Amino acid sequence: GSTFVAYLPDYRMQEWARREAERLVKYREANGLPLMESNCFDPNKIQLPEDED
Amino acid sequence: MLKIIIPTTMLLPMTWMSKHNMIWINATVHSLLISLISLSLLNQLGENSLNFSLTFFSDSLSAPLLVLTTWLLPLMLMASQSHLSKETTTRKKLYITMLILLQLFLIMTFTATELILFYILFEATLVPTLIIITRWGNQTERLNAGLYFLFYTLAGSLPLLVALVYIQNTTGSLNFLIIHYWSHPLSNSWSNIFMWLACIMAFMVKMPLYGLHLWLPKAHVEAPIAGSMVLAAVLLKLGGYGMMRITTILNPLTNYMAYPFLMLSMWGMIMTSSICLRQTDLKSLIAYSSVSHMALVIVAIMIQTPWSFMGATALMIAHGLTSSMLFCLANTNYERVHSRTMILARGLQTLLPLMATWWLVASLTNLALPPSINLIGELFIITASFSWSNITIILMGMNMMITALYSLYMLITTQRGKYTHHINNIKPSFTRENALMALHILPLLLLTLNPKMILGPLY
Amino acid sequence: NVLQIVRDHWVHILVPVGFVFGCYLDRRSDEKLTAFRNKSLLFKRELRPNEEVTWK
Amino acid sequence: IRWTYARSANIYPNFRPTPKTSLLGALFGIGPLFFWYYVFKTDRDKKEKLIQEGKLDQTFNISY
Amino acid sequence: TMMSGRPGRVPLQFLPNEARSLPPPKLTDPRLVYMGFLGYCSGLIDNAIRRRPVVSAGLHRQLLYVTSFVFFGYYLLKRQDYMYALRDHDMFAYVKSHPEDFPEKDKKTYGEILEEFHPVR
Amino acid sequence: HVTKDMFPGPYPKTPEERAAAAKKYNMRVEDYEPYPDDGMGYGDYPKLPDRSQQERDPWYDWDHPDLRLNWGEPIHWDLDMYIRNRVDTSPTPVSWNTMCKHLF
Amino acid sequence: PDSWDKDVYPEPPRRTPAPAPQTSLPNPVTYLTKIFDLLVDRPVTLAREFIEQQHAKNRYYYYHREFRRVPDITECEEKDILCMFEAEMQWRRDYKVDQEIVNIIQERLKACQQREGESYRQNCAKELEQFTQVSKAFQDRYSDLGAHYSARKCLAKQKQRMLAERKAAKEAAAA
Amino acid sequence: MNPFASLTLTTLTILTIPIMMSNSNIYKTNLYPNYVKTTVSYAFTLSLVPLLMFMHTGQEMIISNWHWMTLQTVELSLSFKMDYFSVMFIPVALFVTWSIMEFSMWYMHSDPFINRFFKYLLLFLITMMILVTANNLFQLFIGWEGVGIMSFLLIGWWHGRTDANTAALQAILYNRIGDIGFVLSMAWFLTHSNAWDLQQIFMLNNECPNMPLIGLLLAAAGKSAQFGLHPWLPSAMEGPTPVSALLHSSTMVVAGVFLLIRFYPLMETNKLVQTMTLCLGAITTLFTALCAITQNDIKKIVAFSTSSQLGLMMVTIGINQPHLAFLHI
Amino acid sequence: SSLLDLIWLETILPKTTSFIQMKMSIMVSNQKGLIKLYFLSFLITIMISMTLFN
Ligand SMILES: CCCCCCCCCCCCCCCCCC(=O)OC[C@H](COP(=O)([O-])OCC(O)COP(=O)([O-])OC[C@@H](COC(=O)CCCCCCCCCCCCCCCCC)OC(=O)CCCCCCCCCCCCCCCCC)OC(=O)CCCCCCCCCCCCCCCCC
Ligand SMILES: CCCCCCCCCCCCCCCCC[C@@H](O)O[C@H](CO[C@H](O)CCCCCCCCCCCCCCC)COP(=O)(O)OCC[N+](C)(C)C
Ligand SMILES: CCCCCCCCCCCCCCCCC[C@@H](O)O[C@H](CO[C@H](O)CCCCCCCCCCCCCCC)COP(=O)(O)OCC[N+](C)(C)C
Ligand SMILES: CCCCCCCC/C=C\CCCCCCCC(=O)O[C@H](COC(=O)CCCCCCC/C=C/CCCCCCCC)COP(=O)(O)OCCN
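Going by the header, the method for this PDB entry is cryo-EM, and the resolution given is 2.7 Å.

**Quick look at the overall build of chain A**
A tally of helices and strands in chain A yields two helices and zero strands. Relative to the compact-globule value of 10 Å for 53 residues, chain A shows a C-alpha radius of gyration of 20 Å, a clear excess of over 25%. The C-alpha extent of chain A, read off along each of the three principal axes, is 65 × 30 × 15 Å. Surface exposure of chain A reaches about 3,600 Å², of which carbon and sulfur atoms provide 51%. A distance of 16 Å separates the average location of the 7 positive side-chain charges in chain A from that of its 11 negative side-chain charges.

**Side note on the state of the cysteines**
In the structure shown here, the tally under the stated rule is one disulfide over all chains. Paired by a disulfide, G:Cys112 and G:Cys124 hold their sulfur atoms 2.0 Å apart. Here the S-S torsion is close to -110°, and the disulfide linking G:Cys112 with G:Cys124 is therefore left-handed. Of this pair, G:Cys112 sits in helix 2 (residues 81-116) while G:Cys124 is found in the loop between helix 3 (120-123) and helix 4 (125-142), placing the two residues twelve residues apart along the sequence. G:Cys124 carries the same exposure label as G:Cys112, and that label is buried. Considering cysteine sulfurs only, G:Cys154 is the nearest to A:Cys40, which forms no disulfide, with 3.8 Å between them. Judged by its relative accessible area of 19%, A:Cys40 falls in the buried class.

**Concerning empty space enclosed by the protein**
Reported here for the largest cavity is a volume of approximately 520 Å³. Around the largest cavity, the lining comprises 26 residues; the ones closest to its centre are B:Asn48, B:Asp59, B:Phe176, B:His180 and G:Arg92. When contributions to the lining of the largest cavity are tallied by element, the ones reaching two or more residues are helix 8 (176-181), helix 12 (237-246) and helix 15 (306-337) of chain B together with helix 2 of chain G. Ranked by the residues each element gives to the lining of the largest cavity, the list is headed by helix 8 of chain B, at four residues. Counted by class, the lining of the largest cavity contains twelve nonpolar, nine polar and five charged residues. Roughly 190 Å³ of internal volume is contained in the second largest cavity. Lining the second largest cavity are 15 residues, and of these B:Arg416, B:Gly417, F:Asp66, F:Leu67 and F:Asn85 lie nearest its centre.

**A look at the packing of aromatic side chains**
In the structure shown here, the tally under the stated rule is 69 aromatic pairs over all chains. Centre to centre, the rings of G:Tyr95 and G:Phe138 are 6.0 Å apart; their planes meet at 35°, and the pair counts as tilted. Of the two residues, G:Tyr95 sits in helix 2 while G:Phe138 sits in helix 4, which places them 43 residues apart along the sequence. There is no split in this pair, since G:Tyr95 and G:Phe138 are both buried. Where H:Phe95 meets H:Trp98, the ring centres are 5.9 Å apart and the plane angle is 85°; that geometry is what we call edge-to-face. You can see H:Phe95 and its partner H:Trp98 sitting in helix 4 (residues 84-107), three residues apart, about one turn around the helix. For H:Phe95, a relative accessible area of 42% gives the class partly exposed. By relative accessible area, which is 27% here, H:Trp98 ends up partly exposed. Connected via pairs of aromatic rings, a cluster forms that spans H:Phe54, H:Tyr84, H:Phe85, H:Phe89, H:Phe258, H:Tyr264 and H:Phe326.

**Looking at the site of ligand 2**
Near ligand 2 you find 19 residues, and of these A:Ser2, A:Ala6, B:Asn450, H:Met20 and H:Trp66 are the closest. Here ligand 2 has 1,300 Å² of accessible area as a free molecule, and 55% of this is covered by the chains. Secondary-structure elements contributing two or more residues to the shell around ligand 2 are helix 1 (2-6) of chain A, helix 3 (62-83), helix 15 and helix 19 (431-447) of chain B together with helix 2 (17-21) of chain H.

**Some details on unusual backbone geometry**
The step from B:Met207 to B:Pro208 runs through a cis peptide bond, and the omega angle for that step is 0°. One can find B:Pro208 in the loop between helix 9 (190-206) and helix 10 (215-222). Looking along the chain, the bond that leaves B:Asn251 and enters B:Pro252 is cis, with omega of 0°. With respect to the element layout, B:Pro252 can be found in the loop between helix 12 and helix 13 (254-277). The phi dihedral of C:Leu3 falls on the positive side, at around 70°, and the residue is not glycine. Relative to the elements of secondary structure, C:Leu3 occurs in the segment before helix 1 (6-9). If you check the backbone angles, F:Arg68 has positive phi at about 55° while not being a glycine. Mapped onto the elements of the fold, F:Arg68 is located in the loop between helix 1 (15-24) and helix 2 (96-103).

**Remarks on helix 2 (residues 14-30) of chain C**
The end-to-end C-alpha separation of helix 2 of chain C is 24 Å, in line with the 24 Å expected for 17 residues at 1.5 Å each. All of the buried residues in helix 2 of chain C are C:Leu14, C:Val15, C:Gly18, C:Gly22, C:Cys23, C:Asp26 and C:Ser29.

**A short note on the site of ligand 4**
Residue and element names in this part refer to chain B. Surveying the vicinity of ligand 4 reveals the residues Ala155, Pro159, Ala163, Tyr166, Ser191, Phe194, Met195, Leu197, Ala198 and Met201. Within the side chain of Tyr166, an N or O atom sits 3.5 Å from an oxygen atom of ligand 4. Within the backbone of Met195, a nitrogen or oxygen atom sits 3.5 Å from an oxygen atom of ligand 4. For ligand 4, whose accessible area on its own is 1,100 Å², the fraction buried by protein is 48%. Among the elements of the structure, helix 7 (142-171) and helix 9 are those that each provide at least two residues to the shell around ligand 4. A total of six residues in the shell around ligand 4 trace back to one element, the largest contributor, which is helix 9. A per-class count over the shell around ligand 4 returns nine nonpolar, one polar and no charged.

**Here's the deal with the pairing of strand 1 (residues 62-71) of chain H**
Taken residue by residue, a regular strand's side chains alternate between the two faces of the sheet. Residue and element names in this part refer to chain H. Relative to strand 2 (residues 74-81), strand 1 is paired through seven bridges, and the arrangement is antiparallel. Residue pairing for strand 2: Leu71 is matched across the bridge by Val74. Once strand 1 ends, the chain turns through two residues before running back antiparallel as strand 2, passing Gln72 with a positive phi of about 55°.

**Some thoughts on the interface of chain B and chain E**
When the parts of a complex come together, some accessible area is lost, and that lost area is often taken as the interface size. Opposite the eight residues of chain B that make contact, chain E presents five residues. Roughly 460 Å² is buried in total at the junction of chain B and chain E, and carbon and sulfur atoms are behind 69% of that figure. Counting every contact that joins chain B to chain E gives zero salt bridges. Counting across the chain B and chain E interface gives zero residue pairs in polar contact.

**Some words on the nonpolar core**
The biggest cluster of nonpolar side chains holds 364 residues, and the ones touching the most others in it are B:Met302, G:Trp91, H:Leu71, H:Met129 and H:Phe263. Looking at which element gives the most residues to this core, the answer is helix 15 of chain B, with 17 residues. D:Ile11, F:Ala22, I:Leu3 and I:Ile7 belong to the second-largest nonpolar core, a separate cluster that totals 19 residues.

**Structural notes on the interface of chain A and chain G**
On the chain G side, the residues contacting the 29 residues of chain A number 43 residues. Between chain A and chain G lies a buried interface of about 3,300 Å² when both sides are counted; carbon and sulfur atoms form 59% of it. Contact with chain G buries surface across chain A, with A:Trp16, A:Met36 and A:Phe41 losing the most and accounting together for 23% of the total. At the surface where chain A touches chain G, the tally comes to ten salt bridges. Residues G:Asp5 and A:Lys26 are paired through a salt bridge, measuring 3.9 Å at the closest nitrogen-oxygen approach.

The rules behind these values
Residue numbers count from 1 along every chain, following the sequence as written rather than necessarily the entry numbering; any residue without coordinates is not displayed. Chain labels run from A onward and ligand labels from 1 onward, assigned in the order the entries are written. This view covers only part of a larger assembly, and the values given relate to that part. Excluded from the side-chain calculations are hydrogens and water; all other atoms, namely the structure's heavy atoms, are used. Residues with missing side-chain atoms are left out of burial classes, side-chain pairs and their counts. Secondary structure elements follow DSSP: runs of H or I no shorter than four residues count as helices, runs of E no shorter than two count as strands, and numbering proceeds from the N terminus. Here the globule rule reads 2.2 Å times residues to the power 0.38, and the radius of gyration is calculated from C-alpha atoms. Throughout, the Shrake-Rupley method with a 1.4 Å probe supplies accessible areas, and for residues the shown protein chains are the sole cover considered. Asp and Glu are treated as the negative residues and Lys and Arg as the positive ones, with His and the ends of the chain left uncounted. By convention, the point assigned to a charge is CZ for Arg, NZ for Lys, CD for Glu and CG for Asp. Only a pair of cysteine sulfur atoms within 2.5 Å qualifies as a disulfide here. The buried label applies to any residue whose accessible area, calculated with a 1.4 Å probe on protein chains only, is under 20% of its type's maximum; exposed applies above 50%, and partly exposed to all values in between. Residues are called lining when one of their atoms sits within 4 Å of a cavity or pocket point, these points coming from a 1 Å grid over the protein atoms alone, where a cavity is a set in which a 1.4 Å probe fits but cannot get out and a pocket is an open set with protein on both sides within 12 Å along at least five of seven lines. Grid points are joined across faces, edges and corners, and a volume is the space filled by probe spheres set on the points. All residues other than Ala, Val, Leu, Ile, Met, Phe, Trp, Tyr, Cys, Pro, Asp, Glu, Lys and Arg, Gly among them, are scored as polar; the first ten of these are nonpolar and the last four charged. Any two rings among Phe, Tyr and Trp, with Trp reduced to its six-membered ring, count as a pair given centres within 6.5 Å; such a pair is stacked if its planes are under 30 degrees apart, edge-to-face if over 60, and tilted if neither. Only heavy atoms are used to decide nearness, and a residue is near a molecule or strand if one of them lies within 4 Å of it. The span expected for a helix works out to 1.5 Å for each residue beyond the first. Pairing of N or O atoms within 3.5 Å defines a polar contact, subject to two protein rules: one partner must be a possible hydrogen donor and the other a possible acceptor, and residues neighboring in sequence count only if both atoms are side-chain atoms. Note on pairing: DSSP must find at least two bridges between two strands before they are called paired. Only heavy atoms enter the contact rule, under which two residues are in contact if any of them lie within 4.5 Å. Summed over both partners, the accessible surface that disappears when two parts come together, traced with a 1.4 Å probe, is what is meant by buried area. For salt bridges, the criterion is a side-chain nitrogen of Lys or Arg within 4 Å of an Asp or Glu carboxyl oxygen. Nonpolar cores are built from buried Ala, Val, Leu, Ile, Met, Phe, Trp, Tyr and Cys residues. Side-chain atoms within 4.5 Å join them into one set.

In structure tokens form, the structure reads like this:
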């Protein structure tokens, strides 16, 4: 059972996330983009309520 | 999930159709095989969950608890084999039936996609434990203990049921996935405050909370060894699991409502660790140590940060294993001396050296020596509390110091010094007891190699 | 000896049988949750030439 | 056995509500709780205010 | 939902004729299996009370217990399914006939819904 | 093998039950002195001197040489406080107040 | 080595000095590292050659999984559970990838600190600035959601932040 | 291929082989102590190589070989720091331990459990090397607690003696008082610098605040027996003389000082913590020498001498001279 | 150990509940079996019921 737990396949996607981050950082560093963005979602597709205060 | 539930059910006819002298062997072998099968639930996802069906689902919080529950039954059988020797076949079969029913209810409780189903099984676990305590306990206080262990629980659990049905009358569902996805904030209202209390108090009483912990020393002291093992290892964790599940609907009211429970836990850990320093009974000392550890887990759950939840999961698993081992050591001493008074049998290192090594390793894990998972959970909770408020460090460090003090006091009193002269019935340790001790302790030191298996869903 | 130890060891076979029955029942319950098979936006996949279902 | 019984099980039947007992119980069982509540509440209110003005310097504070 | 006064309800029919338009429960229904299990438990308890070998005292009597429990459970399941079907039918008809009491909510995306955010600190 | 009459009981009021309590604890009536009758649950239990186990005679042939205790003798209420592993009250060459003043 | 991308994990060109023995006395380091080479490095190299030929006899491949883009929580109706499920899974995957990005930048910073030695305070300003920017963005995204986080809570936090930003900009314009 | 890393890890690795054989047949014979002594001597003569390589070039490494759990943005890995302090202290500790074991082969010849005693000494040496070479705070905490547990086991070597058990529990109590500050520092560094690795701690702390450095100073005061937490070191003379000579004289008790040497880049940016360290060292060395000049037990006199020398070491730390304190160690 | 855990925590939740339920049970179940008192209470309850509701 210990050997079975040791060799469990990566269903948590640790290496997958590492590779995704690697290629994403390579892309943004090449294009000069500011690495991580501060907004999680695009602001153009959010409709804020106008205050008119 | 039926591939684990059905074999556990088949444990019953197999037990009742067994020979009079094969019940222990068959029960142990097939419970070990069920544990091995359940070990494959540990392959969890980074995404939502293992949603088997509409009724049962698995999670990386539920999977370690399920595996520990399945692993505890063979150890409980090995511990119970000794003191049930002089008893009839039908009664031993009934005892094994109670253990199997407890395992079945716990397994179904930990998956339990429905909150009402979770409540039903979470309260169904009450009956086998009460029967075990009040039937196969030794002293005359067991009945009283059972009463406490009953009513406290129900005193917390009856309001919860009302709250639960109320939620489904407003939300329309009590499925945990729908609840998580459709969660909404709780406004600061008196009705919402009482809904919060009805949701929390049932799980608080079984941790137990410091003010509400009176039932635990009685129930753990008067119970037989299997009862104490299952009470300390799995049954105390039902409150933590329930809180971790239910705090998703209590935001943002938890920010205000957590203060009295946070103060109660932070002061009660110090109080119970100090109580351990002056204890004349081994089982009572171990019970109060359990209260302190669960107070730390309560703090972790109330802070409700990722590091808090990871530390709480790790500490729940580690405490279950360590407390079961400590109770088993105490029972090995008791079955020789029949007294359960710590000061009576002294200097047992000179007579039982390997059992002294087991005592040392159990005290070391209780002391939270790194890199054990006990210290992993301890440190994660402590760091989360420090981020919550820098002044928690005083209470946390004081608790660590007192914990080390009473653990080494327990070790030194029983193992070191001079042997008691008039005690001459200390027989050499049996292979069964040594095997039980190793089967407790190797999983801990082997889990410290793969901590992510017991760090919960927020890892 | 055959036909003699069976009458003394028949009970042992029950737990293993339960494990198989539970696996079968789990698959049967899986067969009732195929309302979205090969329909999720994440895994909309065009079937292979000799394929019936993406997963069973 | 007399020692252990007196230490554990002889306490409550010999207990009486007394001014000494009542005041000691109230103090030693309530005062620490309210003291720690005041301390932690004051610390957290100060922290929350400082976050509101933004003068806390929470840079590199990623794990919580 | 009190259905005692529901129109067109024959007084003492266990199963009305319209219930025959519903699919009957399968014989391998889990609820039927639980009914048979309850019959088996009743047989075992009957053996135990009479001080007879519990598992193998009367096979005819245990078979009769199981069979009667399964029979009654089948008919009970049919009636239960029929009553739930009536509840759903009446609910849908009432919603259909009273549109003003069940107006359609305007489908609104989370992009333009303002939910208050509460930090955890 | 202990009967109900051999267990600790309530605080004794009359000299007759005082003598009974002294006889129960295997010690003289003149030496028996219970804790003051307060709200604490001391009940009927001797208030032995607060001297520690370390200052008991180490050359005596105790039945428990490490604890320095005899078999039937009454046990101090705070035995586990004074076990030679913990706080002792042995007389010191210098008075406690003098040491406190000097250290401070 | 080719086992990792040099651009994601950069290194300076590794200038090393040449030996300049000013005395004729034999330094024990050279002889001792030569005997280490002879007694250790060659047998290890030969064992690796054996293992690598055996691996080359049996060659098979594994693939990195590609995940499609799905509508996020903003394009989801208030009670449409299926789209919320899709968006929540996508958001969790993005959160994990962001954590890995922060890990990469932190590894860069640690390597710089160890490599530049006694002048790390000046020769690691680039990595410090990169880590500061990435840390600020990651904090703005995920600082205070707590346990029981979701895409909805992150969206609410973003909406609150950008409402505050719009108010501040409007106050500056009308100053 | 650049044998620095391979040899500096082979030292610590071969230190652990007799612990593996502690269940073999040699552990049941009378050749086990000589086996352990020979292993330690071989470890010393092998660790002499990285010392030469550093002395020739100044060669430095971080070896993060095994990646243990990762905590969202925090990665925890088994990492060894092989700087000047590690590669200089390891040969000294190995030489002293070799002499201690050869001495113990004669001093403890009549002890029935001598193989166990030798095994305990090797375990302490392993935990001390873990403490010295640790690159992150979790590994150094592992070594920190391991040396303390070994000290508890070796002080209470004669477990039938009440005073030995009392002294061992005393040492545990004082070291837990220091552990409070250790855990405080670890929590602060994780919360503020997002790391337990030394490189990120140094990079992100240009002007270190008071809490982490005060926690570090409290841990150092606990483990090096400074004035507030001093008595456990003289009380620790209850153990056998080899234990007093190895652990509580020259190797374990300097660990606290070593910690403040390991965090010296942050100490030089704080002015109040330096003053606190200087005053604590001064009062410790004065008080312990004053106690020493009048004692009658020779081991007590040498223990008070050790405490005074530790106080002098932390005076050197407090005057911002860490390398000089290491040389004194 | 004694003042809070063995005395006051017992006094507050469990002992108080036991005492109150004990006294209430004694008050409820102590009727001498005389139907005169029973039907006097019946008249009282009946009279009270008619007036309060309407
Ligand atoms: C969650 C759902 C899933 C699990 C379901 C759980 C319930 C299922 C069963 C329900 C009721 C059925 C049986 C009840 C009748 C009583 C029988 C009895 O007394 O036992 C003696 C009898 C053996 O003794 P005997 O030599 O024949 O005659 C001696 C006297 O009978 C007896 O000798 P004695 O009278 O001289 O000895 C005195 C003893 C005898 O007194 C008793 O033991 C009476 C039994 C308890 C009454 C049960 C009440 C009704 C059931 C409700 C259970 C509630 C469950 C909810 C959870 C809360 C837990 C309480 O009384 C005492 O010692 C008093 C002190 C005991 C402590 C307090 C009692 C605790 C009661 C809690 C028991 C709950 C579990 C019971 C399990 C079944 C017990 C056999 O046991 C059996 O053999 C029957 C066991 C079932 C047979 C299974 C056959 C199937 C195997 C082959 C086919 C494989 C199937 C799979 C297909 C695939 C294969 C290829
Ligand atoms: C007697 C004196 C000693 C003699 C023996 C000497 C030899 C000692 C060596 C053993 C201890 C030294 C530690 C060195 C560890 C080496 C093995 C380790 O590295 O493997 C671990 C692997 O082991 C597992 O991680 C831990 C085992 C899991 C434990 C499961 C418990 C078993 C079930 C029992 C019931 C459960 C009860 C508790 C309920 C919770 C971690 O590997 P990891 O880098 O990560 O990935 C594995 C390989 N990959 C990369 C292909 C994936
Ligand atoms: C005994 C062992 C442990 C058991 C469990 C103990 C844990 C239970 C503690 C309950 C948690 C808190 C309960 C109520 C919290 C509300 C906040 C309150 O304390 O603060 C003030 C509340 O004011 C006063 O408290 C009003 C109520 C006064 C009456 C309460 C009785 C005081 C002592 C009772 C304690 C007994 C507990 C056990 C009962 C059996 C603020 O006043 P205000 O801002 O305007 O209104 C806030 C609430 N709103 C917004 C919904 C309207
Ligand atoms: C260990 C023993 C503990 C015993 C139980 C402790 C938990 C007590 C929690 C309260 C119990 C009942 C609460 C109700 C369950 C939730 C239902 C709910 O939230 O609905 C509320 C209803 O709120 C209530 O009715 C609450 C009334 C509570 C009456 C019983 C009081 C019990 C004792 C009160 C003091 C102690 C409270 C905390 C004790 C903690 C345990 C020590 C609002 O719904 P509506 O009124 O329909 O909508 C508003 C518009 N009309």
